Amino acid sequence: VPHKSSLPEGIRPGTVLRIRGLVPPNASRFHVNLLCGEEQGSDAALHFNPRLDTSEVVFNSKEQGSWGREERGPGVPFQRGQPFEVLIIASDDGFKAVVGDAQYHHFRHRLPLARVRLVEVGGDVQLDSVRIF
């Protein structure tokens, strides 16, 4: 079952999501979604999707049940059996995705920041904690 956390103050520039976890001995992939509602198929302002089995990291958004243009990151800053700490940082012009001690990708806003209400973490990952700062 995917982990879900509400954003009680919504998200604004300055909102920081810290996700600590572990990638299982062989995970295929896992994802972090920033969702605009609790209903099934709700829009995703951000879909962050490390894929171990294809060695990619896909970024996308979704509206009206339709994915958008995929953006991909440089390499795979995740490995099976190793713990991670991801920061998702909301700025005025996009989301900064930080893995470890390095800026990994910058994803420009497609949907209004204000519509975001939910963080979802699913797929093959062992979730240690989701913290919102």
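Start at 1 and count along the sequence shown; that's the residue number.
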- Task: Report the stretch with the higher mean CA temperature factor, choosing between 100-108 and 34-42 on the basis of the entry.
- Result: 34-42
- Would you determine, from the values in the PDB entry, which of 84-92 and 67-75 has the greater average C-alpha temperature factor? 67-75
- Mind checking which third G123 falls in for C-alpha B-factor across the chain? middle
- Task: Select lowest, middle or highest to describe the third in which the CA B-factor of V116 falls within its chain in this entry.
- Result: lowest
- Item | Ranked C-alpha temperature factor of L7 among modelled chain residues, by third | middle
